[PDB]
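Working notes for the structure below.
Cβ placement follows ideal geometry from the backbone for every residue including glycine, while neighbour counts extend to all protein chains displayed. Derivation of every value follows stated rules applied to the coordinates shown; laboratory data play no part.
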Amino acid sequence: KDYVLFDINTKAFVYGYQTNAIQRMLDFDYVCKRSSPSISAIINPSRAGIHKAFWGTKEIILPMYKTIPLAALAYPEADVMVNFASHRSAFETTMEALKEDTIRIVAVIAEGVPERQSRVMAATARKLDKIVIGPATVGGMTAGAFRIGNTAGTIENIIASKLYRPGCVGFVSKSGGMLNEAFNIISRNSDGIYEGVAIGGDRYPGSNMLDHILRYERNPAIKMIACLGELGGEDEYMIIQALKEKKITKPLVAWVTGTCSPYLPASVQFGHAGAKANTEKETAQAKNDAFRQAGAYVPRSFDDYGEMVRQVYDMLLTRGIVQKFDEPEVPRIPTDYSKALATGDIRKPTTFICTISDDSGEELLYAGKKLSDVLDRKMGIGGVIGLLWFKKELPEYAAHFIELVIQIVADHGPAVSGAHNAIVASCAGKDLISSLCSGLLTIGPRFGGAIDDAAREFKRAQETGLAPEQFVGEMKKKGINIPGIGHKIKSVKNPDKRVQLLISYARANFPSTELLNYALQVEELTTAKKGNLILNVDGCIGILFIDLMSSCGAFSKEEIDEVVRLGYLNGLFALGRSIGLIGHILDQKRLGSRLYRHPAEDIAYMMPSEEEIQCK
Amino acid sequence: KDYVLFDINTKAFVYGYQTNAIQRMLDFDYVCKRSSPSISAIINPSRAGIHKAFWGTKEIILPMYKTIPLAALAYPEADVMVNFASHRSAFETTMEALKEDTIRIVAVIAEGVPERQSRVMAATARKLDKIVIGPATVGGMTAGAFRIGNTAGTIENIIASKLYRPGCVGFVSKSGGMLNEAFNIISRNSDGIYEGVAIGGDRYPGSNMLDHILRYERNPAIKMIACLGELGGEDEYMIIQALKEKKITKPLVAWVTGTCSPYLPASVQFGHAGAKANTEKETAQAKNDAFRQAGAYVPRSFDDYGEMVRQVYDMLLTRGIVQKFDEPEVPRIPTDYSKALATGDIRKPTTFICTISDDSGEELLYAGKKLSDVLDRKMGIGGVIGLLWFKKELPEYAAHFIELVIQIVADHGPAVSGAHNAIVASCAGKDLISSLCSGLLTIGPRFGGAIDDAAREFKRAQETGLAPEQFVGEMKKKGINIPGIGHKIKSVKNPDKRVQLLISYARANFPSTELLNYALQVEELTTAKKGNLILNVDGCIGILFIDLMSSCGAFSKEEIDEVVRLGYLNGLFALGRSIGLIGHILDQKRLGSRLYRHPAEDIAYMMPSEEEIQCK
Amino acid sequence: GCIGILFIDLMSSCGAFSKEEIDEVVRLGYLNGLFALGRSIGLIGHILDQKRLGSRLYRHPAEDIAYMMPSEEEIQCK
Ligand SMILES: CC(C)(COP(=O)(O)OP(=O)(O)OC[C@H]1O[C@@H](n2cnc3c(N)ncnc32)[C@H](O)[C@@H]1OP(=O)(O)O)[C@@H](O)C(=O)NCCC(=O)NCCS
Ligand SMILES: CC(C)(COP(=O)(O)OP(=O)(O)OC[C@H]1O[C@@H](n2cnc3c(N)ncnc32)[C@H](O)[C@@H]1OP(=O)(O)O)[C@@H](O)C(=O)NCCC(=O)NCCS
């Protein structure tokens, strides 16, 4: 019981939101034919909630807790914690898990944990009869029962190394990557591992190799012990002393890496924090020699490790210590979609097309132009709209016209429909965005819509060849006021400044103003009836926008008709009037304005009678 | 050349939106290493526009036209039309394509085309020196050059039958499915087909078998002819007469299916419209015998077809008529995502979870309950909300309470924020949906949100044990008016009917009204200050909804707190008040109401000074 | 991060805003408005782009949704 670290009933917490590691653990549980997942909960310090993962092809939900005590109280059956905290958090989180009465094993994955912190974790573990695997390890595994996080990599590797079923080998290493290579070596030269553990490469581990070797010595299922050490520190001398004191009776295969060291400078610090021979005793040579002399099976080099494994396994087969079992059913999990797509195994059709922007690359593109080029060239807001809406690099006069229109339509006081609705929502204590959309949703045929109608009606008259008099006459016959014509106060003698600013700019800077010249002929006729029948702001924008497009030269008659039809002009009004809408919402917020209720006397209540509401 | 039907430069129109058939054609062009796609445009009678498909792993755009004359004028280089119109439209569309000067070949896929219509198409084709393949065919193909729609199925089948490069065999059949089996037979017993055509199984085809056999006889690339006929009609007698008149000098393999017919009743009509032997001459026996006597290579049965093809191919090799080909590079296209997913080759994680409804199955489910069960049980609107919002089968008093609240809050006149904004949006000529949202976006802390506040504040006071006096006192100290308390006109002597209707129903029908009992103790205290400090409608809803949830018994204290926090109660107000909002919007539409502008005298303009707007 | 932080620096550079005035600007969501105004441009752009392309009605793919209906027992009131 004490010798068993993990079994098929082991339940664990995964500390840290490591979705791939979580999936790897579940995938192993599935291929091992486990009744339940090996994970009771995830500990996510940023967030409590749920996490969805696969159980084969079936999706399951795992609970997710902010703290170790909250998870432990909810899942007391979970006695293992897989700790993916960084080297900056590994100590505090391991110490907290070790203080929990229900947790027995903590696997510390982080590399770069101080030696002092590891010694304090190791001593805390020993005092409380608990186990710390790591720091700086992948963990380990019990074949066919449980895996620590990423131990033994892909499901393909688990299958190829026959890790879904136990063997007779008890394995322990310092290196994590070499633990996976060893799983492959051992499966090819024996019935495979029963259990494998990497203690990490730190000078002061949470648990020494001997701790695990002593558990393998007590386990009846294990008939063979195999270990892979390295230069630096005196850990392997605990094994050699135990081997000498007859504490390890099972045959032990042993190899210590770092035979390169005497050929190279004495100053060379190797990969693992603890891989540096300070004394001669700490060298790979002194260790391998002391292992040979203690009665362990030591190969000539790492190349003949598997062969020594093969020799020791064959000896157990002859003596009958190990019996030859039947290969269980080879398990199967479908390929992950993202792998199939990344390798080009599959092709997947796109649902959407996007021709205006691309955030996929090294740099954001607006209509194929890099954002840094848009800004280095001072294209301005008008230029950015040219790219994103018309897919054009507009000339300077066109981009400035767009920016002029935005300033001119920014606001027209609080009384208009849009500003009025935005103010009411703001007075109802709504946030800026809700209040803005409440205002924007009034923009249509009567508020902002005369821009499109003027562009539409004037373009058609001028195109179809109608003389201004004929257009004025036709519209009067149909009983339709000309869109873009008329003002309540402004007239020929008293002009609207917004109009004059727009017209003076186009006359001075537009290459062509053909629709404007026609519009001004129509205006001479309407002002001959009533002086206030001037070309208003909405008319001016729609008409000059057709002239801007005709001046660009890159738009056909059809393209221009499409621009009017699709409501690009309603968008320009919406974008500009957003400024004043946001302004009015914020203004009511600064003023601390109260809830609005329309005055009762401004409403004529005209209820239908009892007779009027009857069905007959 | 006249004998060539299709080559590697053939461009086509696909009449009918057959996305899979379009993809199949493009996939063949890709594996054949074609420079350009074999499709110039799609003809879609419902819609003009674009269609996106794959070119290997690269996505391309195909133009899409509403009519045949419009497509023909845009793409005059396209001389083939693949017609996927139904049997009800096949004639009119084929006739229109044949009248186009640029179209030479029309493949009619539809089954069930009248014999008169086919006769008229065939005669029209012969008069204009054009070709009609079909009706009731898949089409045919020139190996390594062009495929008609779905001819030869999957890309796996195209690869397995080596159809990506030509052979020496000129193939013609009546059957479409047997054309694909023949492609497989021939590839296994020769260098494969050069070209293959299925004329369809109709009694009066657009083109007879001999038309295609004569083309193969003129083509230098073809050294071998193979055909598969069937009983009924005298089509095969055109071949036998041409074989007798030495018009077919190339060796011809021939088999006529329908040898079963004399053993069965004379009344039996087989699959294909033309597969019924009216006379003895029309039988498979009379046809196979006349073929043998004419000098064709006729097998003993269909089983020996491949063997006959192998014999004729080998004879051409001995005489050096056929030269040995070197097998070109085997082409490769990735599997379609949907195939990989459907076969379980891949597993794909879902982005969303849905726990409230399911439209995937045989029948729509609301919280796992079939819609027909929801309606057969008369669960009502309140029951439907119970399922979709609370995931509960609510008791009758709870579901009726939800429906009562909806009626009570349906409207409160046009003057309130929500109705007021919807009316302004409707007066601006906006559609119902825009106008509705303009009004709904005012719903929050001051309009509708006193419901959620009354539930929250009263629940907390009553939970934490605060005596009503202590709650009234605490709120006064903080300077916070009690949410759900107070009315402008209604008082103790003159009550709000909406409140009275809600309180009376809860008192009479709720199992428990603990929070209402508390609220009434609070109300006695507030009305002791000012008579108008009554429990208002918003307070009533919030409080009674906590009591409803406590009466259900299936909600914990936490679940209830979650309901208050998530704003379920704002949703209920939104749902019910949408009725009156939609009502107001429609009312302004019926009245023909004009654009609203807020009166200028109702606004105090308080502009900052020049000094106030300066930055220091 | 860059926009929020530099906007506080812009206001401190103007000199006409007190610490309180600046806190009010952050509190009232002026910065959400600036984002809304700017991102409107690309939103209008994408809407018009789908209109030019003649894009069809979207329906989210069925396989991207995990349907997890509660049981008959789970929906009961007691
Ligand atoms: C007769 C009278 C009522 C007419 O009213 P009015 O304000 O001048 O103008 P209307 O409302 O008819 O509009 C003028 C024209 O502009 C047109 N118009 C209005 N808005 C327009 C628009 N946006 N686009 C195009 N045309 C427009 C109208 O269709 C109308 O055209 P029409 O004159 O060809 O029919 C007014 O001029 C009057 O009171 N005159 C005094 C008469 C008098 O002194 N009599 C003796 C008393 S003793
Ligand atoms: C003195 C006077 C101005 C007070 O005004 P009022 O209308 O009675 O009431 P208030 O505005 O103070 O509100 C009454 C209480 O209801 C409370 N209240 C209001 N809305 C509340 C709500 N929604 N929930 C809970 N408490 C609420 C207030 O906090 C206040 O509490 P308090 O009395 O404990 O401080 C008024 O009563 C008056 O004019 N009296 C005449 C005095 C007189 O005749 N003098 C001699 C003239 S010669």
Q. How about A:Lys287: which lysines have a C-alpha closer than 27 Å to its C-alpha, ignoring those fewer than 8 places off in the same chain?
A. A:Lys174, A:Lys223, A:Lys244, A:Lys246, A:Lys247, A:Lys250, A:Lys276
**Q.** Three principal axis lengths of region A:224-344 [C-alpha, angstrom, descending]
**A.** 52, 46, 22
Q | Amide H within-cut-off set for B:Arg203, under 5 Å, with H built and near neighbours excluded | A | B:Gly274
Q.
Using only alpha-carbon positions, what ratio does the radius of gyration of region A:465-518 give when scaled by 2.2 N^0.38 Å?
A. 1.36
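What is the sum of charges around B:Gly192, taking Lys and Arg as +1, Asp and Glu as -1, for the other residues whose C-beta is under 15 Å from the C-beta of B:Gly192? Each step should come with its number before you reach the end.
Working: positive: B:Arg147, B:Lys162, B:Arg165, B:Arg188, B:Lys223, B:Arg310, B:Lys324; negative: B:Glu181, B:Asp191, B:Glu195, B:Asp314, B:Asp326, B:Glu327.
It works out to a net charge of +1.
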**Q.** Within straight-line cross-link reach of A:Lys557, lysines at Cα separation under 19 Å, skipping those fewer than 8 residues along the same chain
**A.** A:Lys391, A:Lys392, A:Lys459, C:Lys51
Q: Within 10 Å, count the other beta carbons around each residue, average over each peptide in B:10-17, B:98-105, and list them highest first.
A: B:10-17, B:98-105
Q | Linear extension gain, A:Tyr17 paired with A:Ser556, 0.36 nm per residue minus alpha-carbon span | A | 188.5 nm
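Please give the direction-averaged projected area of the C-alpha convex hull for region B:458-567, in square nanometres with one decimal.
On the way: hull surface 28.5 nm².
In nm², the orientation-averaged hull projection of region B:458-567 is 7.1.
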Q: Pop out the Kirkwood hydrodynamic radius of chain C from its pairwise C-alpha distances, inverse of mean 1/r, in Å to one decimal.
A: 17.9
Q.
Starting from a Cα-only point model with no solvent, please compute log10 I(q)/I(0) by Debye for region A:77-121 at q = 0.20, 0.27 1/Å.
A. -0.57, -0.97
Q.
To make sure I understand the rule: partners must be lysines, Cα under 21 Å from the Cα of B:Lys348, and not fewer than 8 residues away in the same chain. Which ones qualify?
A. A:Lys52, A:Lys58, A:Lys339, A:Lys348, B:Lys339
Q | Taking region A:397-446 and dividing mean pair separation by its residue count, relative contact order in percent (alpha carbons under 8 Å, at least six apart) | A | 32
(Q) With viscosity set to 1.306 mPa s at 10 °C, what whole-number translational diffusion coefficient in µm²/s follows for the protein assembly as shown from Stokes-Einstein and a Kirkwood radius over Cα pairs? (A) 40
Q. Roughly what angle does helix A:380-390 make with the longest principal axis of chain A, taking Cα atoms, 0 to 90 degrees, to the nearest 10?
A. 90
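Rounded to the nearest 0.05, what FRET efficiency do C:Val26 and C:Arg56 give with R0 = 41 Å and r taken as the Cβ-Cβ distance? Could you check?
Values: r = 43 Å, r/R0 = 1.04.
FRET efficiency, C:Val26 to C:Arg56: 0.45.
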Q | Cut-off under 5 Å, modelled amide H: who pairs with B:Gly229 long-range | A | B:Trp255, B:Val256, B:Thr257
Q.
Report the per residue volume, in Å³, of the convex hull enclosing the C-alpha atoms of region A:342-486.
A. 233
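For A:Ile443, B:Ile193, A:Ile321, A:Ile43, what's the fewest-to-most ordering of other Cβ within 10 Å of each Cβ?
Numbers: A:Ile443 24, B:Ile193 30, A:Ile321 14, A:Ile43 27.
So the residues, fewest neighbours to most, are A:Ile321, A:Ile443, A:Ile43, B:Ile193.
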Q. With a ≥ b ≥ c the root eigenvalues of the C-alpha gyration tensor of region A:558-616, is it rounded (a/c under 1.5), prolate (a/b larger than b/c) or oblate?
A. oblate
Q. For A:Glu514 and B:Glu77, FRET efficiency with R0 = 30 Å and r from the beta-carbon atoms, rounded to 0.05?
A. 0.20
Q.
Can you compute the helix-only [θ] at 222 nm over the protein assembly as shown? Use -39500 (n - 2.57) per DSSP H run of at least 4 residues, normalise by all residues, nearest 500 deg cm²/dmol.
A. -13500 deg cm²/dmol
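Give the Kirkwood hydrodynamic radius (Å, one decimal) of chain B, defined as one over the mean of 1/r across all pairs of different Cα atoms. Don't skip to the end; give the middle numbers.
Values: mean 1/r = 0.0316 Å⁻¹.
About 31.6 Å for chain B.
What order do you get for A:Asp345, B:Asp336 when you list them from fewest to most C-beta neighbours inside 10 Å?
The order, fewest Cβ neighbours first, is A:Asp345, B:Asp336.
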Q) Modelled label-to-label distance, A:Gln614 and C:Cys2, 7 Å Cα→beta-carbon offset: nm? A) 7.4
Q) B:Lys488 versus B:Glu234, label points 7 Å from Cα toward the beta carbon: distance in nm? A) 9.7
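Roughly how compact is region B:117-158, stated as its Cα Rg over 2.2 N^0.38 Å to two decimals? Please list the in-between numbers first.
Working: Rg = 13.2 Å, N = 42, 2.2 N^0.38 = 9.1 Å.
Ratio of Cα Rg to 2.2 N^0.38 Å: 1.45.
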Q | Descending Cα extents along the principal axes, region A:92-181, whole Å | A | 39, 27, 20
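Rounded, prolate or oblate for region A:512-601? Axes are the square roots of the Cα gyration tensor eigenvalues, ordered a ≥ b ≥ c, and the cut-off for rounded is a/c under 1.5.
It comes out oblate by the Cα gyration axes.
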Q) Helix A:305-318 versus the longest principal axis of chain A: what is the Cα-based angle in degrees, 0 to 90, to the nearest 10? A) 50
**Q.** Distance in nm between pseudo-label sites at B:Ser301 and A:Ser86 (7 Å out along the Cβ direction from Cα)
**A.** 7.8
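Can you tell me the mean projection area, over all orientations, of the convex hull of region A:376-460's alpha carbons? Units nm², please.
Values: hull surface 30.1 nm².
Convex hull of Cα atoms, orientation-averaged projection: 7.5 nm².
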Q: Would you give the gap between the C-alpha center of region B:153-229 and the C-alpha center of region A:488-548, rounded to a whole Å?
A: 72
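Given a Förster distance of 45 angstrom, what is the FRET efficiency for A:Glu156 paired with A:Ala266, based on the Cβ-Cβ distance and rounded to 0.05? Provide the component values of the computation, followed by the final result.
Details: r = 42 Å, r/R0 = 0.94.
Taking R0 as 45 Å, the efficiency between A:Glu156 and A:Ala266 is 0.60.
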